[PDB]
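S.K.: Below are the structure tokens for one structure; questions will follow.
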Amino acid sequence: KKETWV
Amino acid sequence: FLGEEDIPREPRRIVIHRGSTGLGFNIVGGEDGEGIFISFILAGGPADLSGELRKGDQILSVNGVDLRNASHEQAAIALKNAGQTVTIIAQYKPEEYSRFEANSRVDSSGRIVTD
């Protein structure tokens with residue numbers, strides 16, 4: 001479920 | 001002319017020089033070794049400017065650090081802390097990716113289509 005901007 | 005050519009499925013090396021700015025993409029995955037996938041690439045960001053990453057690419061490694069089995073948070077930390085020059089090994093895995101995104105599927109050329 002997580003989404004991370006990098 | 002291009003859109004019918006198969007997207008290559010072999011691993012590639014991508015080198016992004018981003019100084020102390022973000023890479024300009026988002027990741028999904030990381031649960032129980034499912035893999036880390038590019039889900040979104042920001043228009044005009046370093047990943048876009050590379051021309052060598054796309055949605056549905058798996059990140060296999062960053063600076064020689066193997067991320068095939070990484071957790072979501074430790075993947076994100078590896079990426080954000082990789083340093084100014086970021087060497088990614090990526091491999092296009094649209095079937096695996098398509099399981100994350102609603103109403104998505106893979107066509108005959110390997111392209112991810114969302115209905």
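A note on labels: chains of the structure tokens are A, B, ... as shown, every chain counts residues from 1, and ligands are counted from 1 in their shown order.
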Fewer than 4 positions away in the same chain doesn't count, so skip those; otherwise give me all residues within 10 Å of residue 5 of chain A, counting only C-alpha atoms, as a list in words.

M.R.: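 What passes the distance filter is residues 22, 23, 24, 25, 26, 27, 28, 39, 40, 41, 42, 76, 79 and 80 of chain B.
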
S.K.: I'd like the contact shell of residue 57 of chain B - 12 Å cut-off, only C-alpha atoms, skipping same-chain residues fewer than 5 positions apart - returned as number ranges by chain.

M.R.: B: 7-14, 25-29, 35-41, 52, 68, 88-98, 110-112

S.K.: Select residues of chain A: the criterion is any atom within 6 Å of an atom of chain B, counting only C-alpha atoms; output as a list in words.

M.R.: residues 3, 4, 5 and 6 of chain A

S.K.: Using DSSP on the backbone coordinates, identify all residues within segment 10-75 of chain B classified as helix (DSSP H, G or I); present the result as a list in words.

M.R.: residues 31, 32, 33, 46, 47, 48, 49, 50, 72, 73, 74 and 75 of chain B

S.K.: Give me every strand (DSSP E) residue in chain B, going by DSSP on the backbone, as a PyMOL selection string.

M.R.: chain B and resi 12-17+25-29+36-41+57-62+65-66+85-92+104-106+112-114
